[PDB]
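Asker: Hey, dropping protein_39.pdb in here, PDB, C-alpha atoms:
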```
MODEL        1
ATOM      1  CA  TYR A 209     -61.437 -27.703 -89.493  1.00  0.00           C
ATOM      2  CA  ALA A 210     -59.205 -30.223 -91.276  1.00  0.00           C
ATOM      3  CA  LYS A 211     -56.994 -27.578 -92.888  1.00  0.00           C
ATOM      4  CA  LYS A 212     -56.899 -25.206 -89.913  1.00  0.00           C
ATOM      5  CA  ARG A 213     -56.836 -27.598 -86.951  1.00  0.00           C
ATOM      6  CA  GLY A 214     -56.612 -31.366 -86.794  1.00  0.00           C
ATOM      7  CA  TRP A 215     -59.792 -33.506 -86.681  1.00  0.00           C
ATOM      8  CA  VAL A 216     -58.349 -35.379 -89.645  1.00  0.00           C
ATOM      9  CA  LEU A 217     -60.766 -37.893 -91.161  1.00  0.00           C
ATOM     10  CA  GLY A 218     -59.095 -41.260 -91.563  1.00  0.00           C
ATOM     11  CA  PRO A 219     -60.931 -44.602 -91.579  1.00  0.00           C
ATOM     12  CA  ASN A 220     -64.246 -42.983 -90.507  1.00  0.00           C
ATOM     13  CA  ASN A 221     -62.644 -41.886 -87.239  1.00  0.00           C
ATOM     14  CA  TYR A 222     -61.346 -38.505 -86.123  1.00  0.00           C
ATOM     15  CA  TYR A 223     -58.333 -37.956 -83.900  1.00  0.00           C
ATOM     16  CA  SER A 224     -58.216 -35.330 -81.156  1.00  0.00           C
ATOM     17  CA  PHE A 225     -54.959 -34.790 -79.308  1.00  0.00           C
ATOM     18  CA  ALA A 226     -54.896 -34.796 -75.517  1.00  0.00           C
ATOM     19  CA  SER A 227     -54.645 -31.279 -74.078  1.00  0.00           C
ATOM     20  CA  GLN A 228     -54.252 -32.264 -70.415  1.00  0.00           C
ATOM     21  CA  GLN A 229     -51.392 -31.584 -67.986  1.00  0.00           C
ATOM     22  CA  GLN A 230     -48.669 -33.983 -66.816  1.00  0.00           C
ATOM     23  CA  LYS A 231     -46.760 -31.919 -64.229  1.00  0.00           C
ATOM     24  CA  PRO A 232     -44.793 -34.141 -61.770  1.00  0.00           C
ATOM     25  CA  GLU A 233     -45.124 -32.138 -58.536  1.00  0.00           C
ATOM     26  CA  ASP A 234     -42.941 -32.655 -55.453  1.00  0.00           C
ATOM     27  CA  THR A 235     -44.021 -29.578 -53.410  1.00  0.00           C
ATOM     28  CA  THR A 236     -41.337 -29.821 -50.745  1.00  0.00           C
ATOM     29  CA  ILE A 237     -39.350 -27.795 -53.307  1.00  0.00           C
ATOM     30  CA  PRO A 238     -41.192 -24.530 -52.305  1.00  0.00           C
ATOM     31  CA  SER A 239     -39.707 -24.802 -48.833  1.00  0.00           C
ATOM     32  CA  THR A 240     -37.942 -21.440 -49.105  1.00  0.00           C
ATOM     33  CA  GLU A 241     -41.187 -19.448 -49.204  1.00  0.00           C
ATOM     34  CA  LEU A 242     -42.362 -21.403 -46.165  1.00  0.00           C
ATOM     35  CA  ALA A 243     -39.247 -20.455 -44.197  1.00  0.00           C
ATOM     36  CA  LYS A 244     -39.825 -16.956 -45.561  1.00  0.00           C
ATOM     37  CA  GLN A 245     -43.298 -17.073 -44.022  1.00  0.00           C
ATOM     38  CA  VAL A 246     -41.985 -18.376 -40.691  1.00  0.00           C
ATOM     39  CA  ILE A 247     -39.337 -15.642 -40.430  1.00  0.00           C
ATOM     40  CA  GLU A 248     -41.681 -12.783 -41.361  1.00  0.00           C
ATOM     41  CA  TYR A 249     -43.972 -13.940 -38.559  1.00  0.00           C
ATOM     42  CA  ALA A 250     -41.306 -13.531 -35.871  1.00  0.00           C
ATOM     43  CA  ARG A 251     -40.241 -10.345 -37.627  1.00  0.00           C
ATOM     44  CA  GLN A 252     -43.762  -9.031 -37.119  1.00  0.00           C
ATOM     45  CA  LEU A 253     -43.950 -10.573 -33.654  1.00  0.00           C
ATOM     46  CA  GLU A 254     -40.865  -8.627 -32.587  1.00  0.00           C
ATOM     47  CA  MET A 255     -39.158  -5.453 -33.840  1.00  0.00           C
ATOM     48  CA  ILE A 256     -41.900  -3.008 -32.833  1.00  0.00           C
ATOM     49  CA  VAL A 257     -42.409  -2.242 -29.161  1.00  0.00           C
TER      50      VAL A 257
ATOM     51  CA  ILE B 157     -16.302 -10.314  -2.276  1.00  0.00           C
ATOM     52  CA  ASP B 158     -14.941  -7.316  -0.403  1.00  0.00           C
ATOM     53  CA  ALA B 159     -11.484  -6.166   0.647  1.00  0.00           C
ATOM     54  CA  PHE B 160     -10.530  -3.943   3.552  1.00  0.00           C
ATOM     55  CA  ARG B 161      -7.665  -1.871   4.850  1.00  0.00           C
ATOM     56  CA  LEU B 162      -6.740  -0.903   8.386  1.00  0.00           C
ATOM     57  CA  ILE B 163      -6.511   2.726   9.471  1.00  0.00           C
ATOM     58  CA  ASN B 164      -4.247   3.762  12.323  1.00  0.00           C
ATOM     59  CA  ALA B 165      -5.503   4.576  15.811  1.00  0.00           C
ATOM     60  CA  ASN B 166      -3.499   7.824  15.914  1.00  0.00           C
ATOM     61  CA  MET B 167      -6.026   9.731  13.772  1.00  0.00           C
ATOM     62  CA  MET B 168      -8.558  10.063  16.586  1.00  0.00           C
ATOM     63  CA  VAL B 169      -8.915  13.865  16.318  1.00  0.00           C
ATOM     64  CA  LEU B 170      -9.158  13.874  12.510  1.00  0.00           C
ATOM     65  CA  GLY B 171     -11.959  12.265  10.548  1.00  0.00           C
ATOM     66  CA  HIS B 172     -11.048   8.888   9.091  1.00  0.00           C
ATOM     67  CA  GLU B 173     -10.978   8.038   5.357  1.00  0.00           C
ATOM     68  CA  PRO B 174      -8.932  11.078   4.289  1.00  0.00           C
ATOM     69  CA  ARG B 175     -10.667  11.591   0.953  1.00  0.00           C
ATOM     70  CA  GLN B 176      -9.504  14.602  -1.013  1.00  0.00           C
ATOM     71  CA  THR B 177     -10.232  14.734  -4.762  1.00  0.00           C
ATOM     72  CA  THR B 178     -12.704  11.973  -5.360  1.00  0.00           C
ATOM     73  CA  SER B 179     -16.420  11.524  -5.823  1.00  0.00           C
ATOM     74  CA  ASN B 180     -16.600   7.801  -6.696  1.00  0.00           C
ATOM     75  CA  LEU B 181     -16.721   6.915  -2.979  1.00  0.00           C
ATOM     76  CA  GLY B 182     -20.520   7.127  -2.880  1.00  0.00           C
ATOM     77  CA  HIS B 183     -20.546   4.349  -5.470  1.00  0.00           C
ATOM     78  CA  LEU B 184     -19.605   0.632  -5.641  1.00  0.00           C
ATOM     79  CA  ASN B 185     -20.986  -0.156  -2.141  1.00  0.00           C
ATOM     80  CA  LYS B 186     -22.519   1.744   0.635  1.00  0.00           C
ATOM     81  CA  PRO B 187     -21.730   0.538   4.190  1.00  0.00           C
ATOM     82  CA  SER B 188     -24.643  -1.652   5.269  1.00  0.00           C
ATOM     83  CA  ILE B 189     -25.917  -2.266   8.813  1.00  0.00           C
ATOM     84  CA  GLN B 190     -24.148  -5.649   8.960  1.00  0.00           C
ATOM     85  CA  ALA B 191     -20.822  -4.006   8.155  1.00  0.00           C
ATOM     86  CA  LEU B 192     -20.691  -0.842  10.284  1.00  0.00           C
ATOM     87  CA  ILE B 193     -21.322  -2.735  13.531  1.00  0.00           C
ATOM     88  CA  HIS B 194     -18.041  -4.630  13.964  1.00  0.00           C
ATOM     89  CA  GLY B 195     -15.189  -2.364  12.909  1.00  0.00           C
ATOM     90  CA  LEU B 196     -16.361   0.151  10.329  1.00  0.00           C
ATOM     91  CA  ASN B 197     -15.392   2.854  10.257  1.00  0.00           C
ATOM     92  CA  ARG B 198     -13.483   3.334  13.485  1.00  0.00           C
ATOM     93  CA  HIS B 199     -11.044   0.447  12.986  1.00  0.00           C
ATOM     94  CA  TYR B 200     -10.695  -0.103   9.238  1.00  0.00           C
ATOM     95  CA  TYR B 201     -12.265   1.132   6.020  1.00  0.00           C
ATOM     96  CA  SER B 202     -13.702  -0.318   2.840  1.00  0.00           C
ATOM     97  CA  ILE B 203     -12.030  -0.181  -0.560  1.00  0.00           C
ATOM     98  CA  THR B 204     -13.293  -0.281  -4.145  1.00  0.00           C
ATOM     99  CA  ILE B 205     -12.397  -3.138  -6.483  1.00  0.00           C
ATOM    100  CA  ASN B 206     -12.860  -3.131 -10.237  1.00  0.00           C
ATOM    101  CA  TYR B 207     -12.337  -5.925 -12.748  1.00  0.00           C
ATOM    102  CA  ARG B 208      -9.438  -5.885 -15.197  1.00  0.00           C
ATOM    103  CA  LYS B 209     -11.295  -6.905 -18.340  1.00  0.00           C
ATOM    104  CA  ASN B 210      -9.509  -6.984 -21.692  1.00  0.00           C
ATOM    105  CA  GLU B 211      -9.383  -8.737 -25.047  1.00  0.00           C
ATOM    106  CA  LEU B 212      -7.526 -12.116 -25.425  1.00  0.00           C
ATOM    107  CA  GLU B 213      -9.521 -13.270 -22.382  1.00  0.00           C
ATOM    108  CA  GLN B 214     -13.150 -12.269 -22.644  1.00  0.00           C
ATOM    109  CA  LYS B 215     -14.363 -13.467 -26.037  1.00  0.00           C
ATOM    110  CA  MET B 216     -12.533 -16.785 -25.721  1.00  0.00           C
ATOM    111  CA  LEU B 217     -14.186 -17.409 -22.361  1.00  0.00           C
ATOM    112  CA  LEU B 218     -17.618 -16.851 -23.911  1.00  0.00           C
ATOM    113  CA  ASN B 219     -16.896 -18.899 -27.048  1.00  0.00           C
ATOM    114  CA  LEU B 220     -15.913 -21.932 -24.977  1.00  0.00           C
ATOM    115  CA  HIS B 221     -18.577 -21.727 -22.252  1.00  0.00           C
ATOM    116  CA  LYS B 222     -21.824 -20.461 -23.808  1.00  0.00           C
ATOM    117  CA  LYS B 223     -21.382 -21.815 -27.328  1.00  0.00           C
ATOM    118  CA  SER B 224     -22.645 -24.898 -29.159  1.00  0.00           C
ATOM    119  CA  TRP B 225     -21.981 -25.833 -32.794  1.00  0.00           C
ATOM    120  CA  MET B 226     -23.885 -29.058 -33.462  1.00  0.00           C
ATOM    121  CA  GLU B 227     -26.679 -28.248 -30.998  1.00  0.00           C
ATOM    122  CA  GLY B 228     -27.988 -25.155 -32.797  1.00  0.00           C
ATOM    123  CA  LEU B 229     -29.457 -27.252 -35.645  1.00  0.00           C
ATOM    124  CA  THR B 230     -30.947 -30.302 -33.905  1.00  0.00           C
ATOM    125  CA  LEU B 231     -34.622 -31.244 -34.014  1.00  0.00           C
ATOM    126  CA  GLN B 232     -35.565 -32.551 -30.459  1.00  0.00           C
ATOM    127  CA  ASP B 233     -37.548 -35.448 -32.033  1.00  0.00           C
ATOM    128  CA  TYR B 234     -41.312 -35.191 -31.901  1.00  0.00           C
ATOM    129  CA  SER B 235     -42.194 -37.857 -29.333  1.00  0.00           C
ATOM    130  CA  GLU B 236     -41.936 -35.363 -26.455  1.00  0.00           C
ATOM    131  CA  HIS B 237     -42.192 -32.239 -28.597  1.00  0.00           C
ATOM    132  CA  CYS B 238     -45.823 -32.448 -29.679  1.00  0.00           C
ATOM    133  CA  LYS B 239     -46.465 -34.053 -26.295  1.00  0.00           C
ATOM    134  CA  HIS B 240     -45.320 -30.803 -24.692  1.00  0.00           C
ATOM    135  CA  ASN B 241     -47.882 -28.982 -26.854  1.00  0.00           C
ATOM    136  CA  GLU B 242     -50.709 -30.799 -25.071  1.00  0.00           C
ATOM    137  CA  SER B 243     -50.224 -30.441 -21.308  1.00  0.00           C
ATOM    138  CA  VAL B 244     -50.096 -26.658 -21.732  1.00  0.00           C
ATOM    139  CA  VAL B 245     -53.361 -26.285 -23.672  1.00  0.00           C
ATOM    140  CA  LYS B 246     -55.434 -27.702 -20.814  1.00  0.00           C
ATOM    141  CA  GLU B 247     -54.155 -25.367 -18.092  1.00  0.00           C
ATOM    142  CA  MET B 248     -54.430 -22.470 -20.528  1.00  0.00           C
ATOM    143  CA  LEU B 249     -58.046 -23.466 -21.227  1.00  0.00           C
ATOM    144  CA  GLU B 250     -58.897 -23.454 -17.524  1.00  0.00           C
ATOM    145  CA  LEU B 251     -57.247 -20.066 -17.175  1.00  0.00           C
ATOM    146  CA  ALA B 252     -59.265 -18.949 -20.202  1.00  0.00           C
ATOM    147  CA  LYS B 253     -62.437 -20.211 -18.540  1.00  0.00           C
ATOM    148  CA  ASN B 254     -61.313 -18.425 -15.384  1.00  0.00           C
ATOM    149  CA  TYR B 255     -60.560 -15.406 -17.562  1.00  0.00           C
ATOM    150  CA  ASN B 256     -64.032 -15.920 -18.995  1.00  0.00           C
ATOM    151  CA  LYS B 257     -65.452 -15.979 -15.472  1.00  0.00           C
ATOM    152  CA  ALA B 258     -64.028 -12.605 -14.467  1.00  0.00           C
ATOM    153  CA  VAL B 259     -64.773 -10.795 -17.734  1.00  0.00           C
ATOM    154  CA  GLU B 260     -68.442 -11.784 -17.756  1.00  0.00           C
ATOM    155  CA  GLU B 261     -68.650 -10.902 -14.047  1.00  0.00           C
ATOM    156  CA  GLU B 262     -67.836  -7.186 -14.324  1.00  0.00           C
ATOM    157  CA  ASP B 263     -68.493  -5.631 -10.914  1.00  0.00           C
ATOM    158  CA  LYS B 264     -69.797  -2.160 -11.690  1.00  0.00           C
ATOM    159  CA  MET B 265     -70.262  -0.756  -8.218  1.00  0.00           C
ATOM    160  CA  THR B 266     -67.203   1.430  -7.423  1.00  0.00           C
ATOM    161  CA  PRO B 267     -65.055  -0.233 -10.128  1.00  0.00           C
ATOM    162  CA  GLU B 268     -61.734   1.600  -9.758  1.00  0.00           C
ATOM    163  CA  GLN B 269     -61.420   0.927  -6.030  1.00  0.00           C
ATOM    164  CA  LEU B 270     -62.646  -2.662  -6.311  1.00  0.00           C
ATOM    165  CA  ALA B 271     -60.065  -3.243  -9.050  1.00  0.00           C
ATOM    166  CA  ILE B 272     -57.161  -1.821  -7.036  1.00  0.00           C
ATOM    167  CA  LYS B 273     -57.922  -3.491  -3.675  1.00  0.00           C
ATOM    168  CA  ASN B 274     -58.680  -6.832  -5.363  1.00  0.00           C
ATOM    169  CA  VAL B 275     -55.760  -7.741  -7.598  1.00  0.00           C
ATOM    170  CA  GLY B 276     -54.625 -11.298  -8.154  1.00  0.00           C
ATOM    171  CA  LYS B 277     -51.563 -10.912 -10.433  1.00  0.00           C
ATOM    172  CA  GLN B 278     -52.468 -14.194 -12.124  1.00  0.00           C
ATOM    173  CA  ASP B 279     -55.793 -13.767 -13.884  1.00  0.00           C
ATOM    174  CA  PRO B 280     -55.972 -10.917 -16.466  1.00  0.00           C
ATOM    175  CA  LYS B 281     -52.787 -11.101 -18.518  1.00  0.00           C
ATOM    176  CA  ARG B 282     -50.268 -12.967 -16.429  1.00  0.00           C
ATOM    177  CA  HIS B 283     -51.121 -16.606 -16.945  1.00  0.00           C
ATOM    178  CA  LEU B 284     -53.009 -15.846 -20.143  1.00  0.00           C
ATOM    179  CA  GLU B 285     -50.243 -15.060 -22.644  1.00  0.00           C
ATOM    180  CA  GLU B 286     -47.155 -16.336 -20.804  1.00  0.00           C
ATOM    181  CA  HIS B 287     -47.451 -19.975 -21.860  1.00  0.00           C
ATOM    182  CA  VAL B 288     -49.086 -18.904 -25.132  1.00  0.00           C
ATOM    183  CA  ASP B 289     -45.931 -16.966 -25.991  1.00  0.00           C
ATOM    184  CA  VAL B 290     -43.793 -19.962 -25.001  1.00  0.00           C
ATOM    185  CA  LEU B 291     -45.714 -22.446 -27.154  1.00  0.00           C
ATOM    186  CA  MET B 292     -45.657 -19.999 -30.063  1.00  0.00           C
ATOM    187  CA  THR B 293     -41.902 -19.423 -30.083  1.00  0.00           C
ATOM    188  CA  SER B 294     -41.026 -23.091 -29.635  1.00  0.00           C
ATOM    189  CA  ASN B 295     -42.870 -24.465 -32.645  1.00  0.00           C
ATOM    190  CA  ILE B 296     -41.646 -21.572 -34.792  1.00  0.00           C
ATOM    191  CA  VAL B 297     -38.029 -22.401 -33.890  1.00  0.00           C
ATOM    192  CA  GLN B 298     -38.773 -26.091 -34.391  1.00  0.00           C
ATOM    193  CA  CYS B 299     -40.553 -25.768 -37.726  1.00  0.00           C
ATOM    194  CA  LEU B 300     -38.044 -23.250 -39.105  1.00  0.00           C
ATOM    195  CA  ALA B 301     -35.188 -25.566 -38.186  1.00  0.00           C
ATOM    196  CA  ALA B 302     -37.233 -28.345 -39.786  1.00  0.00           C
ATOM    197  CA  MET B 303     -37.744 -26.340 -42.974  1.00  0.00           C
ATOM    198  CA  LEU B 304     -34.082 -25.320 -43.286  1.00  0.00           C
ATOM    199  CA  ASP B 305     -32.731 -28.867 -43.144  1.00  0.00           C
ATOM    200  CA  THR B 306     -35.201 -29.813 -45.870  1.00  0.00           C
ATOM    201  CA  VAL B 307     -33.819 -26.960 -47.972  1.00  0.00           C
ATOM    202  CA  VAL B 308     -30.232 -28.003 -47.241  1.00  0.00           C
ATOM    203  CA  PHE B 309     -30.327 -31.797 -47.168  1.00  0.00           C
ATOM    204  CA  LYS B 310     -31.366 -32.558 -50.772  1.00  0.00           C
TER     205      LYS B 310
ENDMDL
END
```
As a first step, turn the structure in this file into structure tokens.

Answerer:
Amino acid sequence: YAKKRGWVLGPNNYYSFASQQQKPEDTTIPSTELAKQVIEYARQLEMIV
Amino acid sequence: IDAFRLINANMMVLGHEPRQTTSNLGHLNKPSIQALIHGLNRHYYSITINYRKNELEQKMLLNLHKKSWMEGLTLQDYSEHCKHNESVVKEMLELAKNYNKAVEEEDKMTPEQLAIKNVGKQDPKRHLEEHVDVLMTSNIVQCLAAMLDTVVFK
């Protein structure tokens, strides 16, 4: 495991890297798909009689 | 608005309104009971009036009367907006309970005659989806205008 991956033995202590996520979301950015959903409602409300 | 035109009193042996090659005279007005009592048709006659519509007048009258630039993107701030979405739910609920009351009732002795002699024109679908349509369209217009300004303004 030392040659392939990390887990490198130092002073009697291994070291595993952090494999978590750090994504800084804002989520008002997908506001186009929301307006897309609002329009396709009133599309489907109207347009067929 | 109506205009009129006097006929002479010498044409007493001939029928008045000497129409010859026209068939539009049955249109544009027929002589009502309040018109043919005073002088029609024995004194004067009626005349047709159309409207001289053209370009350089019509679109510029509409674009200055029924037109708003800054108003089409306002937000009608939500103190009274979500307040308006509350007084309508209660009366719709009572109509729904009244709609509940008739649907569970279901008179099934001579139904088609009882339905036609007892109409109300407010219970089944008159007061049921009218306000529901109005509350649906308003928040859609309001939220879509709210979403667009968030797309535009940063």

Asker: Step by step, work through what the ChimeraX specification (/A :<12) & /B selects in the shown file, and finish by giving those residues as a list in words.

Answerer: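 Applied to this file, the ChimeraX specification (/A :<12) & /B returns residues 289, 292, 293, 294, 295, 296, 297, 298, 299, 300, 301, 302, 303, 304, 305, 306, 307, 308, 309 and 310 of chain B.
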
Asker: Using the selection just defined, write its residues with C-alpha atoms as a PDB file, in the coordinates of the input.

Answerer:
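The file below, selection19.pdb, is the result:
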```pdb
ATOM      1  CA  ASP B 289     -45.931 -16.966 -25.991  1.00  0.00           C
ATOM      2  CA  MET B 292     -45.657 -19.999 -30.063  1.00  0.00           C
ATOM      3  CA  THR B 293     -41.902 -19.423 -30.083  1.00  0.00           C
ATOM      4  CA  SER B 294     -41.026 -23.091 -29.635  1.00  0.00           C
ATOM      5  CA  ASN B 295     -42.870 -24.465 -32.645  1.00  0.00           C
ATOM      6  CA  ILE B 296     -41.646 -21.572 -34.792  1.00  0.00           C
ATOM      7  CA  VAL B 297     -38.029 -22.401 -33.890  1.00  0.00           C
ATOM      8  CA  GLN B 298     -38.773 -26.091 -34.391  1.00  0.00           C
ATOM      9  CA  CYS B 299     -40.553 -25.768 -37.726  1.00  0.00           C
ATOM     10  CA  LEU B 300     -38.044 -23.250 -39.105  1.00  0.00           C
ATOM     11  CA  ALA B 301     -35.188 -25.566 -38.186  1.00  0.00           C
ATOM     12  CA  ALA B 302     -37.233 -28.345 -39.786  1.00  0.00           C
ATOM     13  CA  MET B 303     -37.744 -26.340 -42.974  1.00  0.00           C
ATOM     14  CA  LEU B 304     -34.082 -25.320 -43.286  1.00  0.00           C
ATOM     15  CA  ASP B 305     -32.731 -28.867 -43.144  1.00  0.00           C
ATOM     16  CA  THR B 306     -35.201 -29.813 -45.870  1.00  0.00           C
ATOM     17  CA  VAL B 307     -33.819 -26.960 -47.972  1.00  0.00           C
ATOM     18  CA  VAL B 308     -30.232 -28.003 -47.241  1.00  0.00           C
ATOM     19  CA  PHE B 309     -30.327 -31.797 -47.168  1.00  0.00           C
ATOM     20  CA  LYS B 310     -31.366 -32.558 -50.772  1.00  0.00           C
TER      21      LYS B 310
END
```

Asker: CA of residue 284 (chain B) and CA of residue 250 (chain B), how far apart in Å?

Answerer: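 Computing the Euclidean distance for CA of residue 250 (chain B) and CA of residue 284 (chain B) yields 10.0 Å.
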
Asker: What does the distance from CA of residue 177 (chain B) to CA of residue 195 (chain B) come to in Å, to one decimal?

Answerer: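 Going from CA of residue 177 (chain B) over to CA of residue 195 (chain B) covers 25.1 Å.
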
Asker: Extract, using all atoms listed in the file, all DNA, RNA and protein residues at most 8 Å from region 169-173 of chain B, discarding same-chain residues fewer than 3 positions from it, and format them as a PyMOL selection string.

Answerer: chain B and resi 163+197-198+201

Asker: Write out as a PyMOL selection string each polymer residue whose atoms come within 9 Å of residue 202 (chain B), counting all atoms listed in the file; drop sequence neighbours fewer than 4 positions from it.

Answerer: chain B and resi 158-162+185+187+196-197

Asker: Would you export the selected residues with C-alpha atoms as a PDB file, in the frame of the given file, please?

Answerer:
```
ATOM      1  CA  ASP B 158     -14.941  -7.316  -0.403  1.00  0.00           C
ATOM      2  CA  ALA B 159     -11.484  -6.166   0.647  1.00  0.00           C
ATOM      3  CA  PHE B 160     -10.530  -3.943   3.552  1.00  0.00           C
ATOM      4  CA  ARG B 161      -7.665  -1.871   4.850  1.00  0.00           C
ATOM      5  CA  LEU B 162      -6.740  -0.903   8.386  1.00  0.00           C
ATOM      6  CA  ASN B 185     -20.986  -0.156  -2.141  1.00  0.00           C
ATOM      7  CA  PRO B 187     -21.730   0.538   4.190  1.00  0.00           C
ATOM      8  CA  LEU B 196     -16.361   0.151  10.329  1.00  0.00           C
ATOM      9  CA  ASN B 197     -15.392   2.854  10.257  1.00  0.00           C
TER      10      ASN B 197
END
```

Asker: With only C-alpha atoms as the basis for distance, which of B:211, B:227, B:236, B:247 is at the shortest distance from residue 287 (chain B)?

Answerer: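 Closest to residue 287 (chain B) of all the choices is B:247.
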
Asker: Quick one: pull the distance between CA of residue 257 (chain B) and CA of residue 240 (chain B), Å, one decimal.

Answerer: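 For CA of residue 257 (chain B) relative to CA of residue 240 (chain B), the distance reads 26.6 Å.
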
Asker: I'd like the residues picked by the PyMOL selection byres ((chain B and resi 255) around 12) written out as a count of residues only, using the chain letters and numbers from the file.

Answerer: 24

Asker: Translate the PyMOL selection byres ((chain B and resi 206) around 12) into a concrete residue list for this structure, as a ChimeraX atom specification.

Answerer: /B:157-159,183-185,203-205,207-209

Asker: Pull C-alpha atoms from the residues just selected and write them as a PDB file, in the frame of the given file.

Answerer:
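Once everything was written out, this is again_3.pdb:
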```
ATOM      1  CA  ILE B 157     -16.302 -10.314  -2.276  1.00  0.00           C
ATOM      2  CA  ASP B 158     -14.941  -7.316  -0.403  1.00  0.00           C
ATOM      3  CA  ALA B 159     -11.484  -6.166   0.647  1.00  0.00           C
ATOM      4  CA  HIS B 183     -20.546   4.349  -5.470  1.00  0.00           C
ATOM      5  CA  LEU B 184     -19.605   0.632  -5.641  1.00  0.00           C
ATOM      6  CA  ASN B 185     -20.986  -0.156  -2.141  1.00  0.00           C
ATOM      7  CA  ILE B 203     -12.030  -0.181  -0.560  1.00  0.00           C
ATOM      8  CA  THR B 204     -13.293  -0.281  -4.145  1.00  0.00           C
ATOM      9  CA  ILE B 205     -12.397  -3.138  -6.483  1.00  0.00           C
ATOM     10  CA  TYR B 207     -12.337  -5.925 -12.748  1.00  0.00           C
ATOM     11  CA  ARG B 208      -9.438  -5.885 -15.197  1.00  0.00           C
ATOM     12  CA  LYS B 209     -11.295  -6.905 -18.340  1.00  0.00           C
TER      13      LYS B 209
END
```

Asker: Using only C-alpha atoms, can you tell me which of A:224, A:252, A:235, A:230 comes closest to residue 210 (chain A)?

Answerer: A:224

Asker: Please provide the set of residues having any atom within 12 Å of residue 225 (chain A), restricted to only C-alpha atoms, with same-chain residues fewer than 4 positions apart removed, written as a count of residues only.

Answerer: 4

Asker: From the block you just saw, export region 233-254 of chain A: C-alpha atoms, as a PDB file, in the first residue's frame.

Answerer:
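Listed below is the output, part.pdb:
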```pdb
ATOM      1  CA  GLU A 233     -22.840  26.678  -3.268  1.00  0.00           C
ATOM      2  CA  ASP A 234     -24.951  29.796  -3.872  1.00  0.00           C
ATOM      3  CA  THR A 235     -28.053  28.147  -5.443  1.00  0.00           C
ATOM      4  CA  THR A 236     -29.737  31.336  -6.609  1.00  0.00           C
ATOM      5  CA  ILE A 237     -27.516  30.768  -9.668  1.00  0.00           C
ATOM      6  CA  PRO A 238     -29.916  28.040 -11.031  1.00  0.00           C
ATOM      7  CA  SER A 239     -32.635  30.652 -11.367  1.00  0.00           C
ATOM      8  CA  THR A 240     -32.982  30.100 -15.117  1.00  0.00           C
ATOM      9  CA  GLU A 241     -34.335  26.560 -14.735  1.00  0.00           C
ATOM     10  CA  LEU A 242     -36.808  27.887 -12.176  1.00  0.00           C
ATOM     11  CA  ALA A 243     -38.116  30.501 -14.613  1.00  0.00           C
ATOM     12  CA  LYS A 244     -38.100  27.684 -17.163  1.00  0.00           C
ATOM     13  CA  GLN A 245     -40.354  25.723 -14.813  1.00  0.00           C
ATOM     14  CA  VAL A 246     -42.668  28.697 -14.245  1.00  0.00           C
ATOM     15  CA  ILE A 247     -43.085  29.350 -17.980  1.00  0.00           C
ATOM     16  CA  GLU A 248     -43.715  25.707 -18.913  1.00  0.00           C
ATOM     17  CA  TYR A 249     -46.503  25.678 -16.332  1.00  0.00           C
ATOM     18  CA  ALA A 250     -48.417  28.518 -17.999  1.00  0.00           C
ATOM     19  CA  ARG A 251     -47.528  26.954 -21.336  1.00  0.00           C
ATOM     20  CA  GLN A 252     -49.295  23.799 -20.191  1.00  0.00           C
ATOM     21  CA  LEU A 253     -52.037  25.820 -18.512  1.00  0.00           C
ATOM     22  CA  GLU A 254     -52.837  27.532 -21.809  1.00  0.00           C
TER      23      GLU A 254
END
```
